[PDB]
Amino acid sequence: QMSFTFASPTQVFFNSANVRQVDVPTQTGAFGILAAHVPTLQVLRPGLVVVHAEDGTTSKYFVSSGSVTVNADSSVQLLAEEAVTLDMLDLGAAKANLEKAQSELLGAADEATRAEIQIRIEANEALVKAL
Amino acid sequence: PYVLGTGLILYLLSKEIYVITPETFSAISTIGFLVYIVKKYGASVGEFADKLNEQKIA
Amino acid sequence: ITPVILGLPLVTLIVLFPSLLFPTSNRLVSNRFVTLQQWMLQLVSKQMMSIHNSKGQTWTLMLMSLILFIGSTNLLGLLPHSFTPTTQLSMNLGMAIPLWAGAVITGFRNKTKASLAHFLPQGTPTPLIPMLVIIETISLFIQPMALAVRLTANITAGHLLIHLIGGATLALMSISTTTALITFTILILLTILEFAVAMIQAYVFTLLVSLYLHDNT
Amino acid sequence: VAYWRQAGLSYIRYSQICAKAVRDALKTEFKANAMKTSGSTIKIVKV
Amino acid sequence: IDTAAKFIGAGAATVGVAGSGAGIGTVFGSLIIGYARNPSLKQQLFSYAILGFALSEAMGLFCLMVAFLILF
Amino acid sequence: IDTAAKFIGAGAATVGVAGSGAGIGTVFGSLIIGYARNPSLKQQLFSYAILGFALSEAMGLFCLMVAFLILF
Amino acid sequence: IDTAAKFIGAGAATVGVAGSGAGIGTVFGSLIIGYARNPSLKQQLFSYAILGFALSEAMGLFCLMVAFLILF
Amino acid sequence: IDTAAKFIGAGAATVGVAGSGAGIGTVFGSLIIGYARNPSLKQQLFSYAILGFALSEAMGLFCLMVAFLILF
Amino acid sequence: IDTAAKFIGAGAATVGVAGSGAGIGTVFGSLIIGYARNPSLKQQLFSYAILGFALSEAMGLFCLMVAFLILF
Amino acid sequence: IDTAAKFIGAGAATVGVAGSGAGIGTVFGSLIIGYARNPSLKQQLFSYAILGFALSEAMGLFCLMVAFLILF
Amino acid sequence: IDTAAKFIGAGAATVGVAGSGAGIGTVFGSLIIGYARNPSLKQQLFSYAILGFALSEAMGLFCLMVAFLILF
Amino acid sequence: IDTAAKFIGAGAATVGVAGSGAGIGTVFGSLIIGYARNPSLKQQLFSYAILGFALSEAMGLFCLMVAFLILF
Amino acid sequence: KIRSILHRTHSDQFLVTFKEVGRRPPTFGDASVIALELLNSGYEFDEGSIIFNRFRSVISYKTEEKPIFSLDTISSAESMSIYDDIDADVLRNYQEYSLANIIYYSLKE
């Protein structure tokens, strides 16, 4: 099983809670680490975090970032820089953001800036996932 | 040990009754038959610790 | 007559003593005798019970009898000769119908048209496509059941070839042995790497298939 | 990705842009609450 | 010619088991690397390896039917 | 000549099922490690496995259509 | 010799479909192990899978046109 | 016709072992790369490589018995 | 003899085009898993995939030229 | 015929060494990918690579035995 | 026989170009899935790809000279 | 027949160079995807690249020895 | 405060100092802030401990210390790399990420 530790600095949602699996859009990938799982560090992308809680319930989240930390053990810890439950997120904006984003990227000359946009684009998109 | 000896005797009888067998082929398979035993006898000692203790426990 | 008649009784009797001896072990004696033999069904109830149930205790001993029977049946084609090429092949073919009927008992007997409705509704066979279901009923039974005969016949083969190549190798190098002994000593050890492994995994196929039967049963 | 990560950019920066983009995200008052997290005032002393 | 071409023709159809032979090592190989990623061994993963060895030996059983048609 | 070369030539077309049988172990094996990273079992992944094996055994059914056209 | 060798000459060109048979399983199999990493399934990946399956059935459109030339 | 075609029948039946040797390299490679990710080596996974190297050689004993049938 | 074994010489030359067909899938399938790691589509990997499709179909061109040599 | 078909049969059995050759590359390639994941190079993983080159050259020595038997 | 079987012997020697064609697909595929990890495009990974496609078509030039010896 | 079969038998063993040429494509491929993981490029991996391409070209130099023996 | 109780010795050997250190509520954002550029520094990390007052209860804190091994060859090395089981990105980018977390934490403590 997994002690799933789900937190952002700001909010701790599940804490070593007997969750079955979390499929995690780590920048690393989306993988569904169930239970324990070898030491691995995977850094959290923005995506949505789907917390297959050992009970057929899955809580939804958007994760923005952070890292999930994969112990060897059962306890797996998403420490998402930002992790929010999808509940509070905003399509009107998601699109809206995306438009803008896409507008900005274009002038966001230089990889970093572009990036910042792109990140953002990606972000809005990744919201757009859920939105 | 006694069981193994009986099995060998039976094999010989079957070969002697039935014609179909080259000296060669037999030489071989007979070397094959031999090999398995020796590994087994080191095992045949090793076996007992599990089973006789497991009977006693259950 | 006698030759064929003596072999099948012997095969039964070797399984009959374990199958009589274990029933006997339930109170006496044990001396050397009973406790020694208890180890036989302890190895079965140790080894195979690590996989069994699984499908449930209900089916477990039903399959374990066949699993032991297959390994014991192949072992009763090990020693005899002429026997591996003929009698063990007739026992491989004589296990063929039992292997065919093993899918029949619950699969084809209850559903011939789609024994994958008991075996596997969605998987290999397409549950949207009863055609692919039935095609692969061959590969999961009609086939694999005949290949499971061919599988022990593969062993009978590769075992026969060791023998014919050996007899031919020692006929080529009738040195007594001598240098042909080196290769032939390898060809002997190949009997373990080939027959004794693949014979194993051949009954492992019967294990898994009769597990997938009863595990979904 | 790497258009940022190999824009170098602190992982923090990434993250922080992400997160910031989350802050950017959110609905109504929820989005108000964004600013909490972006306590980031932290005067820039630097020796 | 009549007993010749059916004896050399039954040999060429036995080159269809080279597909099912290596096709069985891959489906049982990706199940070895899959259960390495863990942990749904019994059921789901190793229950699909039977569904992958059946659709691969189906072309083998289709090829072993051809070589036995020119042999008997 | 007209019937002899029809029995040894229908055997060489049975070696074209070596691709449909080794390819099926690649279309199911890359689906075993695919669902190992998970989680879309029913739909998406296994649905794409069916549309892949159909495009793998199609070169086995067309090769058994050129086999049976040389013997029947 | 003339009509006899045209029968065991399109049968050896029918075993060239074993490359397209397993090549379609390697292409579609990688797409099943690609969309599992997610999420660009619609377009990008599955759209490129139609470019890889056409470039693998291209050798199948040149090998089946060879055996159909030695027929009629 | 009778003495010749049995020698060119067990020769093309030895081209079915081309899968039992490569498929064993596929399964034992996936156990070589699988044990790298660790840690079930002396159990679970290397006990599944013996069950894979057998099913691969299962089309390598079925093919070998046909080449031993055409000869003797 | 002169007209006979030239027809059975072009057919086995068409079996050398089984490497290009399975080579085309294993080169445009690794790029179907490359863009799955992203984001060099129409940049580096898809550009080298054409330089990988050319190096494999050339070994199909150097084999189809042998099949055309024993046909005209 | 009898002193002829022994040369057109012992050569077809050398095509069984195609699995022994491509099995040695796959078992060693995944050993080169397994030792790239680190760290048990000295025994455990490259030790098992010897147990993978042996169970892959065995389907190449049994195929070379049948080719040597039809030549001498 | 003499001016016949050499024309059907150059067809069987051109089947060795199924390894130089499917070896290029395996080589120029892992250097496309490896560059996806980045950023050793020049000087390292693609430079080793020149030494990867040098020992791949080396078995094909040795197979194109074997067919050239059975023609000229 | 006595002079015919040697020519047809030399080409048949030249088809066994399709396994060595793809086994070199897998060993050098998994070294190209084994150097992207980094960093011991010199020694360890690419030093075992010639040690993995030696046992895989060992099946080709033995096969091209059986192809040359039927020619000289 | 560490500013003349410490920025006056290591007023040089300091890498940064932050102000607004309290005196309006600091947050994770700040931890990231302080994190980000810190990286993007030229004093690269050799050793490292984080000393903060670890609260224990209002009544108590014990000025705590942690080790800071941002130096990504700590991460890249030892058993640590064996507990890794995945590359020098996330290594750094966790080393990073976690640094902010702790930074935050430690700070908050």
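Within region H:28-42, can you find the residues that are assigned to a loop (DSSP other than H, G, I, E, B) and either of a type outside the set (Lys, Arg) or in contact with a helix residue (DSSP H, G or I) (Cβ under 9 Å, 6 or more places away or on another chain) (or both)? Don't jump to the end; show me each part of the working.
Filtering region H:28-42 down to residues assigned to a loop (DSSP other than H, G, I, E, B) leaves H:31-42.
Selection gives H:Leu31, H:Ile32, H:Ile33, H:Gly34, H:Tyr35, H:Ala36, H:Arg37, H:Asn38, H:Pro39, H:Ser40, H:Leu41.
Quick check: anything in region H:7-27 surrounded by fewer than 19 Cβ atoms within 10 Å (Cβ to Cβ), outside any helix (DSSP H, G or I) and more than 8 Å from chain E (Cβ to nearest Cβ)? Outline the logic, then answer.
Going through region H:7-27, the residues surrounded by fewer than 19 Cβ atoms within 10 Å (Cβ to Cβ) turn out to be none.
The answer is no; no qualifying residue exists.
For region C:170-200, name all the residues that are within 14 Å of chain H (Cβ to nearest Cβ) and in contact (Cβ under 8 Å) with a residue 12 or more places away in the chain.
So in region C:170-200, the residues within 14 Å of chain H (Cβ to nearest Cβ) come out as C:171, C:187, C:190-200.
Across region C:170-200, the qualifying residues are C:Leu187, C:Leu190, C:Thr191, C:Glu194, C:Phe195, C:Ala198, C:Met199, C:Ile200.
H:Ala54 - would you say it is out of contact with any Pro (no Cβ under 8 Å at 6 or more places or on another chain), more than 16 Å from E:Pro39 (Cα to Cα) and more than 9 Å from chain J (Cβ to nearest Cβ)?
Judged against the criteria, H:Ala54 is a match.
Give region B:12-41 a look and list any residue that's surrounded by fewer than 14 Cβ atoms within 10 Å (Cβ to Cβ) and among the basic types (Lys, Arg), or say none.
Hits for region B:12-41 are B:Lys39, B:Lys40.
Under 6 Å by Cβ, and 6 or more places apart or on different chains, what pairs join a residue from region C:148-164 that is at the interface with chain H (Cβ under 9 Å from one of its Cβ atoms) with one that is of a type in the set (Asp, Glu) and assigned to a helix (DSSP H, G or I)?
C:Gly158/C:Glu194
Scan region C:165-205 for residues that are surrounded by fewer than 18 Cβ atoms within 10 Å (Cβ to Cβ) and not in a helix (DSSP H, G or I) and jot them down.
Result: C:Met173, C:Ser174, C:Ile175, C:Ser176, C:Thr178, C:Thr179.
Looking at region F:4-36, which of its residues are farther than 30 Å from G:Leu41 by Cβ and of a type in the set (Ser, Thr, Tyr)? Reasoning before the result, please.
Within region F:4-36, the first condition is being farther than 30 Å from G:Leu41 by Cβ, and the residues that meet it are F:4-18.
Passing the criteria: only F:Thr14.
Look at M:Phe55 and say whether it is surrounded by fewer than 17 Cβ atoms within 10 Å (Cβ to Cβ), more than 21 Å from D:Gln6 (Cβ to Cβ), away from every other protein chain (no Cβ under 14 Å) and among the aromatic types (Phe, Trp, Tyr). Walk me through how you get there before you give the answer.
Numbers: surrounded by fewer than 17 Cβ atoms within 10 Å (Cβ to Cβ): yes; more than 21 Å from D:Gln6 (Cβ to Cβ): yes; away from every other protein chain (no Cβ under 14 Å): yes; among the aromatic types (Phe, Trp, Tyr): yes.
For M:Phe55, the condition - surrounded by fewer than 17 Cβ atoms within 10 Å (Cβ to Cβ), more than 21 Å from D:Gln6 (Cβ to Cβ), away from every other protein chain (no Cβ under 14 Å) and among the aromatic types (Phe, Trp, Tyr) - is met.
Within the group A:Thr57, A:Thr5, A:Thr28, A:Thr69, which residue is polar (S, T, N, Q) and under 23 Å from G:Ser40 (Cα atoms)?
Values: A:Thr57 fails: under 23 Å from G:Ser40 (Cα atoms); A:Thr5 fails: under 23 Å from G:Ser40 (Cα atoms); A:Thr69 fails: under 23 Å from G:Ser40 (Cα atoms).
Within the list A:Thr57, A:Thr5, A:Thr28, A:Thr69, the selection yields A:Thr28.
Could you run through region A:11-35 and say how many residues are within 17 Å of M:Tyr97 (Cβ to Cβ), surrounded by fewer than 19 Cβ atoms within 10 Å (Cβ to Cβ) and touching a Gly at 6+ places or on another chain (Cβ under 9 Å)?
Result for region A:11-35: 0.
Filtering region C:5-49 down to residues that are among the small types (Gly, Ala, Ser) and not in a helix (DSSP H, G or I), which residue is nearest to C:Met95 (Cα to Cα)? Reasoning before the result, please.
If we filter region C:5-49 for residues that are among the small types (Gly, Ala, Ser), which is where we start, we get C:7, C:19, C:25, C:30, C:45.
Those left that are additionally not in a helix (DSSP H, G or I): C:25, C:30.
Details: C:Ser25: 29, C:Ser30: 35 Å.
Among those that are among the small types (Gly, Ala, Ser) and not in a helix (DSSP H, G or I), it is C:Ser25.
Quick check on region A:68-104: of everything there that is within 11 Å of chain D (Cβ to nearest Cβ) and among the β-branched types (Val, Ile, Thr), which residue is surrounded by the most Cβ atoms within 10 Å (Cβ to Cβ)?
Here the residue is A:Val84.
So which of K:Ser30, K:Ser40, K:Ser56 ends up being under 23 Å from L:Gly60 (Cβ atoms) and more than 12 Å from the chain's Cα centre (by Cα)?
Details: K:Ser40 fails: under 23 Å from L:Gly60 (Cβ atoms); K:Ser56 fails: more than 12 Å from the chain's Cα centre (by Cα).
Going through K:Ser30, K:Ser40, K:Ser56 in turn, the sole match is K:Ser30.
Condition first: farther than 24 Å from D:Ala2 by Cβ and in a loop (DSSP other than H, G, I, E, B). Now tell me which residues in region M:81-109 satisfy that.
M:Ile82, M:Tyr83, M:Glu109
Being basic (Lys, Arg) and within 11 Å of another protein chain (Cβ to nearest Cβ) is the filter here; which residues of region B:1-40 pass it?
Looking only at region B:1-40, we keep the residues that are basic (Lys, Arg), and these are B:15, B:39-40.
Selection gives B:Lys15, B:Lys39.
Mind checking which pairs have a first residue in region M:89-107 that is in contact (Cβ under 8 Å) with a residue 24 or more places away in the chain and a second that is crowded, with 23+ Cβ neighbours inside 10 Å and polar (S, T, N, Q), Cβ under 7 Å, 6 or more apart or different chains?
Pairs found: M:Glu96/D:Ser10; M:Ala100/M:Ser32.
Here are C:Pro121, C:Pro98: which of them is surrounded by fewer than 21 Cβ atoms within 10 Å (Cβ to Cβ) and more than 26 Å from the chain's Cα centre (by Cα)? Spell out the reasoning first.
Details: C:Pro98 fails: more than 26 Å from the chain's Cα centre (by Cα).
The match here is C:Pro121.
With the requirement that a residue be facing chain E (nearest Cβ under 9 Å) and of a type outside the set (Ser, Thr, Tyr), what does region C:119-140 give you?
Once the filter is applied, which keeps residues that are facing chain E (nearest Cβ under 9 Å) and of a type outside the set (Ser, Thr, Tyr), region C:119-140 yields C:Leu120, C:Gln122, C:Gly123, C:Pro125, C:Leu132, C:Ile135, C:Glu136, C:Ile138, C:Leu140.
What are the residues in region F:8-27 that are within 11 Å of the chain's Cα centre (by Cα), under 13 Å from E:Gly60 (Cβ atoms) and hydroxyl-bearing (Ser, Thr, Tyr), if any?
Within region F:8-27, F:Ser20 is the sole residue that qualifies.
So, in region A:1-29, how many residues would count as being in a loop (DSSP other than H, G, I, E, B) and either within 30 Å of D:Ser40 (Cβ to Cβ) or polar (S, T, N, Q) (or both)? Can you show your working first?
Let us first name the residues in region A:1-29 that are in a loop (DSSP other than H, G, I, E, B), namely A:1, A:8-11, A:20, A:24-25, A:27-28.
From what is left, the residues that are either within 30 Å of D:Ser40 (Cβ to Cβ) or polar (S, T, N, Q) (or both) are A:1, A:8-11, A:24-25, A:27-28.
Number of matching residues: 9.
Go through chain D residue by residue and tally those that are within 28 Å of M:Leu15 (Cβ to Cβ), in a helix (DSSP H, G or I) and among the aromatic types (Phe, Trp, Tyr).
Residues meeting the conditions: 2.
Whether any residue in region A:38-50 is of a type in the set (D, E, K, R) and within 14 Å of chain D (Cβ to nearest Cβ) is what I want to check.
Let us first name the residues in region A:38-50 that are of a type in the set (D, E, K, R), namely A:45.
If we keep only those that are within 14 Å of chain D (Cβ to nearest Cβ) too, we end up with A:45.
Taking every residue of region A:38-50 in turn, at least one turns out to be of a type in the set (D, E, K, R) and within 14 Å of chain D (Cβ to nearest Cβ).
Do the conditions hold for B:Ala43, that is, is it small (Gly, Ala, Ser), more than 11 Å from every other protein chain (Cβ to nearest Cβ), without any contact (Cβ under 8 Å) to a residue 60 or more places away in the chain and more than 25 Å from C:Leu13 (Cβ to Cβ)? Don't jump to the end; show me each part of the working.
Numbers: small (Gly, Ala, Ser): yes; more than 11 Å from every other protein chain (Cβ to nearest Cβ): yes; without any contact (Cβ under 8 Å) to a residue 60 or more places away in the chain: yes; more than 25 Å from C:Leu13 (Cβ to Cβ): yes.
The answer is yes for B:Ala43.
Considering region A:89-131 alone, what residues qualify as being among the hydroxyl-bearing types (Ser, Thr, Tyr) and in contact with an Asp or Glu (Cβ under 9 Å, 6 or more places away or on another chain)? Even if it seems obvious, please write down each step before you answer.
Of region A:89-131, the ones among the hydroxyl-bearing types (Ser, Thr, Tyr) are A:103, A:113.
Within region A:89-131, just A:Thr113 meets the criteria.
Let's see how each residue does on (1) charged (D, E, K, R); (2) farther than 17 Å from A:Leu89 by Cβ; (3) surrounded by 17 or more Cβ atoms within 10 Å (Cβ to Cβ):
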| site | (1), (2), (3) |
| --- | --- |
| D:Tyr3 | no, yes, yes |
| D:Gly8 | no, yes, no |
| D:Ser15 | no, yes, yes |
| D:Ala25 | no, no, yes |
| D:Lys31 | yes, no, yes |
| D:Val47 | no, yes, no |
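Please state which one of F:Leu64, F:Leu45 is in contact with a helix residue (DSSP H, G or I) (Cβ under 8 Å, 6 or more places away or on another chain), within 7 Å of chain G (Cβ to nearest Cβ) and either within 21 Å of H:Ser30 (Cβ to Cβ) or not in a helix (DSSP H, G or I) (or both).
Numbers: F:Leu64 fails: within 7 Å of chain G (Cβ to nearest Cβ).
Just one listed residue meets the conditions, F:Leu45.
Being surrounded by 12 or more Cβ atoms within 10 Å (Cβ to Cβ), farther than 25 Å from D:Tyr14 by Cβ and of a type in the set (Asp, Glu) is the requirement here; does M:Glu47 meet it? Show your work before the answer.
Details: surrounded by 12 or more Cβ atoms within 10 Å (Cβ to Cβ): no; farther than 25 Å from D:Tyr14 by Cβ: yes; of a type in the set (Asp, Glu): yes.
When the stated conditions are applied, M:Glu47 does not pass them.
Since every read-out is calculated from the coordinates, none of them should be taken as a lab result. No Cβ is skipped: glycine too gets one built from the backbone with ideal geometry, and neighbour counts run over all protein chains shown.
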